[PDB]
Enquirer: 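Here it is, the structure in full.
Hydrogens, waters and symmetry mates play no part in the numbers below; they use all other heavy atoms, side chains included. Convention: sequence-line order gives letters A, B, ...; per-chain numbering from 1.
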Amino acid sequence: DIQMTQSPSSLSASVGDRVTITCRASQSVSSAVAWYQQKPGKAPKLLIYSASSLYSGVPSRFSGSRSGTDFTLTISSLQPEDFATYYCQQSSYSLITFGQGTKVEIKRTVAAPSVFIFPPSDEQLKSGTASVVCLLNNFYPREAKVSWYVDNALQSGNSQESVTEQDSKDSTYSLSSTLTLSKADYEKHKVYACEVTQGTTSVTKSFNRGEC
Amino acid sequence: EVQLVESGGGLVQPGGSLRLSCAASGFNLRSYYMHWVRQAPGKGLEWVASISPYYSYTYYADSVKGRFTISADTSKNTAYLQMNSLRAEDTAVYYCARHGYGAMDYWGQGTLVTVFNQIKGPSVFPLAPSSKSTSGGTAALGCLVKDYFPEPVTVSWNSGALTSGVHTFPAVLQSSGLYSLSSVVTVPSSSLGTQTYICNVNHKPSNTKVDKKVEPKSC
Ligand SMILES: [Cl-]
Ligand SMILES: [Cl-]
Ligand SMILES: [Cl-]
Ligand SMILES: [N+]
Ligand code: NA
Ligand code: NA
Ligand code: NA
Ligand code: NA
Ligand code: NA
């Protein structure tokens, strides 16, 4: 049926910037399109209805338009209270569909992470599994390549990452990468290394199994 | 002032049932369309159901047709979502919302529905501070919270006395079907070994709390 394809999935902007978010309908649809803003832990708030009508109380820097089957939400001059996730809605008779959302994040200057590696605990090892954790603390931008090496062999398919939302005070991210091995595989190798790459710099933190 | 207050969410197994309530005030819902919209954790908005005024026509997303029933009791100024034959894909925060302008102008605060097929409390392991920690600088330490189900766990440090520099990561659903996360904190290296650091991990679904003192690994 009807699909609203929202783009981009996220973007970084500065206060004062002009921000454009687009939802493309999969077919011909009515202009019964609304835009919402949503902040973490909170319910959505209606911004625009009927593709282009400003909802009361919503400041005038928000506007909506339509071209063909393209619906667009514009913030003319981004303000600090505007960093949030935005959703479009389309209503056709009873069927209601939403776009998948656009997260609007803040730009700041580049910041290299502090990098830490953590061997598995002896207590976990006796369970038969080894988790090796690499921490990237308070960095910008989010994009980073984190590679695992075990006795200088690049690992694939045995690690997963988690990333925090932008910090409220310094606008940075933090990231964990966890390599998961069986105890038998962990005790077969000696050197464990996490390599963090951003742009022109790579930082590798390592340990040798057994050495303290 | 228009207010919508949801209740009724909680933990339930597949095939089970739950009834959500949406208590309206500041207006009479007999004159408005009302909607239920849900949001799976970390994901977007998804329409669930709608009910029309006066005729009480009901409309449903294909995926809930025949299992969910939307209704309203105008004498209690309250809308309901009766949820039967629940499945894992139904896990979400459920919002009730009032219709306006082909959109939804007032929303409740949401109520959380967690469909769970297992209950398992976490194992907690130390992320011990590096012996290579920069003296006069900063060290990182933490707790690895592994193999629990369902969400959520909460983590504090020193029973809430330590908050600056803490990062508790979003949980990851592992290939095992269980969650894990880490909580970390940066502290002065000079504090290691003479300041106690304890992570407090609470998993209310299993009525389990773990407190783990994280020390430098002895050599
Ligand atoms: Cl591999
Ligand atoms: Cl009907
Ligand atoms: Cl603190
Ligand atoms: N080894
Ligand atoms: Na998004
Ligand atoms: Na939600
Ligand atoms: Na450790
Ligand atoms: Na969590
Ligand atoms: Na101590």
Side-chain angles (χ1 to χ4, degrees), chain A residues 32 34-39 41-50 53-58 87 89-92 94-98, chain B residues 2 4-12 16-40 44-86 90-115:
Chain A
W35 291 93
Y36 301 88
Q37 179 190 74
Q38 192 184 33
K39 296 180 178 188
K42 295 318 181 313
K45 293 179 179 179
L46 176 58
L47 294 169
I48 311 269
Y49 63 92
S50 291
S53 304
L54 200 70
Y55 192 62
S56 62
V58 182
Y87 297 96
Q89 178 194 327
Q90 205 284 322
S91 312
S92 288
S94 77
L95 210 85
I96 299 158
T97 80
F98 292 90
Chain B
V2 169
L4 298 165
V5 170
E6 298 101 329
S7 48
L11 288 165
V12 51
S17 299
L18 226 46
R19 181 180 189 95
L20 309 189
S21 296
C22 170
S25 59
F27 76 104
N28 303 306
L29 42 72
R30 65 178 204 269
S31 323
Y32 296 85
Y33 286 83
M34 311 276 314
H35 305 290
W36 285 95
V37 171
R38 74 177 167 190
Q39 192 164 31
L45 299 172
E46 181 187 27
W47 166 74
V48 174
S50 303
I51 186 155
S52 81
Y54 307 121
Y55 296 82
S56 293
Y57 297 128
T58 55
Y59 310 88
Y60 301 93
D62 280 356
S63 57
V64 308
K65 197 63 208 93
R67 330 182 270 134
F68 293 5
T69 303
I70 178 161
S71 72
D73 185 345
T74 57
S75 69
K76 309 182 136 103
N77 210 37
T78 298
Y80 304 98
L81 187 68
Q82 177 68 42
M83 293 176 113
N84 320 305
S85 295
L86 284 160
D90 295 327
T91 295
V93 172
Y94 283 72
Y95 297 99
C96 70
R98 188 185 82 170
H99 186 83
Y101 305 101
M104 308 176 178
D105 51 7
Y106 287 90
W107 294 64
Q109 84 282 356
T111 188
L112 175 68
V113 170
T114 304
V115 182

Enquirer: Might you point out which heavy atoms bring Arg19(B) and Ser71(B) nearest each other, and give the distance in Å?
Expert: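 Looking at all heavy atoms of both residues, the closest pair is NH2-OG, 4.1 Å.
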Enquirer: Checking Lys42(A) now: which residues fulfil salt bridge (charged side-chain N to carboxylate O under 4.0 Å, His left out) with it, not counting sequence neighbours?
Expert: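 Residues passing salt bridge (charged side-chain N to carboxylate O under 4.0 Å, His left out) with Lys42(A): none at all.
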Enquirer: Measure the spacing between OH of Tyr33(B) and OG of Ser94(A) and express it to the nearest 0.5 Å.
Expert: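 So the gap between those two atoms works out to 10.0 Å.
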Enquirer: For residues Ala79(B) and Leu29(B), report the shortest heavy-atom separation together with the two atoms involved.
Expert: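 Smallest interatomic distance, heavy atoms only, reads N-CD2, 3.8 Å.
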Enquirer: Quick check: do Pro53(B) and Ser31(B) have side-chain heavy atoms less than 4.5 Å from each other?
Expert: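 Not in contact.
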Enquirer: If you take all heavy atoms of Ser17(B) and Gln82(B), which pair is closest and at what distance?
Expert: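 Looking at all heavy atoms of both residues, the closest pair is CB-NE2, 4.1 Å.
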Enquirer: Any sub-3.5 Å donor-acceptor pair from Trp107(B)'s side-chain atoms to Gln109(B)'s backbone N or O?
Expert: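 Not confirmed, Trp107(B) side chain does not pair with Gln109(B) backbone.
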Enquirer: Using modelled atom types only, decide if a donor and an acceptor are shared between the side chain of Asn28(B) and the backbone of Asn77(B) within a distance under 3.5 Å.
Expert: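 Between the backbone of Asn77(B) and the side chain of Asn28(B) there is no qualifying donor-acceptor contact (under 3.5 Å).
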Enquirer: Could you tell me if the side chain of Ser63(B) sits less than 4.5 Å from the side chain of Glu46(B), heavy atoms only?
Expert: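 Yes, side chains in contact.
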Enquirer: Is there side-chain contact between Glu6(B) and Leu20(B), with heavy atoms separated by less than 4.5 Å?
Expert: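 Not touching, per the 4.5 Å side-chain cut-off.
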Enquirer: Say you draw a straight line from NE2 of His99(B) to OG of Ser52(B); how long is it, rounded to the nearest 0.5 Å?
Expert: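 The OG atom of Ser52(B) is 11.0 Å from NE2 of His99(B), to the nearest 0.5 Å.
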Enquirer: How many angstroms lie between atom OG1 of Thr111(B) and atom CG of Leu18(B), to the nearest 0.5 angstrom?
Expert: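 Those atoms lie 8.0 Å apart.
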Enquirer: Could you work out, with salt bridge (charged side-chain N to carboxylate O under 4.0 Å, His left out) as the rule, every residue matching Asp105(B), not counting sequence neighbours?
Expert: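 If we apply the salt bridge (charged side-chain N to carboxylate O under 4.0 Å, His left out) test to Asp105(B), skipping adjacent residues, the hits are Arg98(B).
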Enquirer: Kindly compute the distance separating OH (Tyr87(A)) from CG (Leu46(A)), expressed to the nearest 0.5 Å.
Expert: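 The CG atom of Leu46(A) is 15.5 Å from OH of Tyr87(A), to the nearest 0.5 Å.
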Enquirer: Can you name the nearest heavy-atom pair linking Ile96(A) to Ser50(B), along with the distance?
Expert: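 Heavy atoms of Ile96(A) and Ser50(B) come nearest at CD1-OG, 4.0 Å.
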Enquirer: Would a line drawn from the ring center of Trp36(B) to the ring center of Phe68(B) be shorter than 6.0 Å?
Expert: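 When the ring centroids of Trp36(B) and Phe68(B) are compared, they turn out to be at least 6.0 Å apart.
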Enquirer: Does some side-chain heavy atom of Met104(B) sit less than 4.5 Å from a side-chain heavy atom of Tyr95(B)?
Expert: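 A side-chain contact under 4.5 Å is absent here.
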Enquirer: Does any non-hydrogen side-chain atom of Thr91(B) lie less than 4.5 Å from one of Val113(B)?
Expert: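 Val113(B) does not reach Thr91(B) side chain to side chain.
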Enquirer: So do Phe27(B) and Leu4(B) actually touch side chain to side chain, heavy atoms under 4.5 Å?
Expert: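 Heavy-atom side-chain distance check passes, below 4.5 Å.
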Enquirer: For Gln89(A) and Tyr36(A), test the side chains for any donor-to-acceptor distance below 3.5 angstrom and give the result as yes or no.
Expert: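 Side chains of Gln89(A) and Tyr36(A): pair found under 3.5 Å.
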Enquirer: Does any part of the side chain of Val64(B), heavy atoms only, come nearer than 4.5 Å to the side chain of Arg38(B), both counted from C-beta?
Expert: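 Yes. Closest side-chain heavy atoms under 4.5 Å.
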Enquirer: Hey, does the side chain of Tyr60(B) reach the backbone of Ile70(B) with a donor-acceptor pair shorter than 3.5 angstrom?
Expert: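 Side chain of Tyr60(B) to backbone of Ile70(B), a donor-acceptor pair under 3.5 Å: yes, one is there.
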Enquirer: Of the non-hydrogen atoms in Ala43(A) and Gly108(B), which two are nearest, and what is the gap between them?
Expert: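 Looking at all heavy atoms of both residues, the closest pair is CB-O, 3.3 Å.
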Enquirer: Less than 4.5 Å apart, side chain to side chain, heavy atoms only: is that true for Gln37(A) and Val58(A)?
Expert: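 No. Closest side-chain heavy atoms not under 4.5 Å.
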Enquirer: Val93(B) and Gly110(B): which non-hydrogen atoms are nearest, and at how many Å?
Expert: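 The answer is CG1-CA, 3.8 Å.
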Enquirer: Nearest 0.5 Å, what's the CZ-CD distance between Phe98(A) and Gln90(A)?
Expert: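 One gets 11.0 Å once the value is rounded to the nearest 0.5 Å.
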Enquirer: Does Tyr54(B) OH have over 12 foreign heavy atoms under 6.0 Å away?
Expert: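 Atom OH in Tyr54(B) is crowded, with more than 12 foreign heavy atoms closer than 6.0 Å.
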Enquirer: If you round to the nearest 0.5 Å, how far is OH of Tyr80(B) from CE of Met34(B)?
Expert: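 So the gap between those two atoms works out to 12.0 Å.
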